[PDB]
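Okay, here we've got a single chain as structure tokens, the form deposited in one PDB entry, with questions on binding and movement later.
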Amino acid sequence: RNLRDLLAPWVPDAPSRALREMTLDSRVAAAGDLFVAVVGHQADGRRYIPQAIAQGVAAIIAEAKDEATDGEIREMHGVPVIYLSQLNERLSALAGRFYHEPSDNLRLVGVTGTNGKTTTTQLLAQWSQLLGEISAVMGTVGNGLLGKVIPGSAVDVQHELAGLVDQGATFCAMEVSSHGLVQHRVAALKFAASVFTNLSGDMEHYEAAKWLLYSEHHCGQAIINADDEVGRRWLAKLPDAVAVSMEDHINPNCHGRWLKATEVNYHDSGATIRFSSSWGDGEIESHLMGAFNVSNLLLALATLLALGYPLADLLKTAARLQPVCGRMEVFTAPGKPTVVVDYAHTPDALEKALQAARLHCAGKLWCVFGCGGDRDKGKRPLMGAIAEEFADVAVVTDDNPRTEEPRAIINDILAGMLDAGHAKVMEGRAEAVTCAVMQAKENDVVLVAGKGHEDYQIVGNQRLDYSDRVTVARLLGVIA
């Protein structure tokens, strides 16, 4: 790592200087480091150049705006200070070159959209690893090789992807936030593929701004959900993009690449997905629950087919795809009710989780849930009303009551129902889960909402050992 080589594409006469790490933060800038002095909202890092220098950085690259000409080389206290115009726009490319272009040294798939990025990225990482990749994720749950995810600037993005390349990753599925894209945080990444899940003359400006942004990126293969109105508008303008549909939105007149679910059977342990595609037809046994997870899986499949992974190998490994832990996570047992563990802890998330569960439910849908104590009370009646409408049996119990009188929380929930008398109340969460699971019929579905992956019940100040997954697994005669 050398200032001269680093800047060779832009500043021909930059001085030779060994460089350790690249940092935007003058406070951690250490001996031998490259300090990058950027102007943001309020903040001007050029202010902290003297401090960086005094802490012994080998060199500084700085915003040229109002101070200098693009590629102007100064020298302060023996330290080279090189000025660049539009540093925020160019920071991805600078960090890419610094970290040896990590997106050129693995297959990077970007996933964008309002919902399904976490699931779609986890399915991409899992499926590619089943076919022999060493796969990683970068996103909301964190960064890391599959199974070792550790819970943000253009520099941090390149540095983290370099770290994954260093650990042997050959494939990375990356959640791309709308805000990340607009702030040029992935501006110089070589995406092998770009996946659109869904969105939500204003619409004219919004679209113009996004089209310009994406015209500037290396998107690779575009994989677009054609069931989304905005998805279709972009497929209209991208003849090489892959159309993915589970609601009959493939227009065969276009002769583009396509993949569509022809029929879906939502059953007690998953979904049987029959599909047709320009690669061939097939049937997948998904162990994931709900319509949105069919969409997410079909997007992962279309992407991997577009990248050249053979259909027969993808079909052969589909049954090993797993849910995101505690996200619509199914537990089934010989002649026991189907039980789904989901983290849903808001009115909207509860409604979606119940609507998803219902598709798989031939009998009665049960909803076991509560609301957190010493937190906003507003959601309590709203989650009551949702459980009453979208389930057949509401079991209201405790969920981290903390210092709040547990029954007061249950009262607030019941107050949102038309017929509170129809709700089952049971305190002890473990007892309420047992009550549902032991009373439910064989073709009933019990949704245990609010905790998902969390392994604790906060009663008072005590963080007690408790897992919904473990309680459910133990009651069904299976292993969490």
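Heads up, when I say rigid core I mean the largest set of C-alphas that superpose within 1.5 Å between the two forms. One-based numbering along the sequence shown.
Q: Could you bin the unmodelled part of the deposited chain lying between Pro151 and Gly152 as none, 1 to 3, 4 to 9, or 10 or more?
A: Gap between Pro151 and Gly152: 4 to 9 residues without coordinates.
Q: Would you mind checking whether any residues of the deposited sequence sit unmodelled between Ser200 and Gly201, and how many (none, 1 to 3, 4 to 9, 10 or more)?
A: Gap between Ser200 and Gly201: 4 to 9 residues without coordinates.
Q: Mean CA B-factor: is it higher for 69-77 or for 395-403?
A: Higher mean C-alpha B-factor in the PDB entry: 69-77.
Q: Going by the B-factors listed in the PDB entry, is the mean over the C-alpha atoms higher for 280-288 or for 294-302?
A: Per the PDB record, 280-288.
Q: Going by the deposited entry, which of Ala436, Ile413, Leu447, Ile53 has the highest CA temperature factor?
A: Comparing C-alpha B-factors across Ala436, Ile413, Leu447, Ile53, the top value belongs to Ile53.
Q: At the C-alpha atoms, which of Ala236, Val340, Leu359, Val109 reaches the highest B-factor in this entry?
A: Within the set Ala236, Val340, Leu359, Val109, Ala236 shows the top C-alpha B-factor.
Q: Within this chain, which third does the Cα B-factor at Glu388 fall in: lowest, middle or highest?
A: For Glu388, whose C-alpha B-factor we compare with every modelled residue in the chain, the answer is the middle third.
Q: Considering only modelled residues of the same chain, in which third does the CA B-factor of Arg429 rank: lowest, middle or highest?
A: Lowest third, going by the recorded CA B-factors of the chain.
Q: By the record's CA B-factor, is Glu329 among the lowest, middle or highest third of residues in the chain?
A: Answer is lowest: the recorded C-alpha B-factor places it there.
Q: Among the modelled residues of its chain, does the C-alpha B-factor of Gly372 lie in the lowest, middle or highest third?
A: Ranked within chain, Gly372 CA B lands in the lowest tercile.
Q: Looking at the temperature factor on the CA atom of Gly139, which third of the chain's modelled residues does it land in?
A: Highest third - that is where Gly139 ends up once the chain's C-alpha B-factors are sorted.
Keep in mind the form deposited in another entry is missing from the figure; the text below concerns it.
Q: Hey, after the core superposition between this form and the one not shown, which of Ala362, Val141, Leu238, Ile134 has the C-alpha moving 2 angstroms or more?
A: So the only displaced C-alpha belongs to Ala362.
Q: Is there a C-alpha shift of 2 Å or more at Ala187 between this form and the one not shown once the rigid core is superposed?
A: False for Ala187: its C-alpha shift is below 2 Å.
Q: Relative to the superposed rigid core, does the CA atom of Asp399 travel 2 Å or more between this form and the one not shown?
A: Yes, because once the rigid core is superposed, the C-alpha of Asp399 moves 2 Å or more between this form and the one not shown.
Q: For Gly110, state whether the C-alpha moves by 2 Å or more between this form and the one not shown after rigid core superposition.
A: False for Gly110: its C-alpha shift is below 2 Å.
Q: Where do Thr303 and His360 end up in the other form, Cα atoms closer or farther than shown, with a change of 3 Å or more?
A: It is farther: in the other form, the C-alpha atoms of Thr303 and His360 lie at least 3 Å more apart than they do here.
Q: Which way does the C-alpha gap of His360 and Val244 go in the other form, closer or farther, given it changes by 3 angstroms or more?
A: Relative to the shown form, the pair is farther apart.
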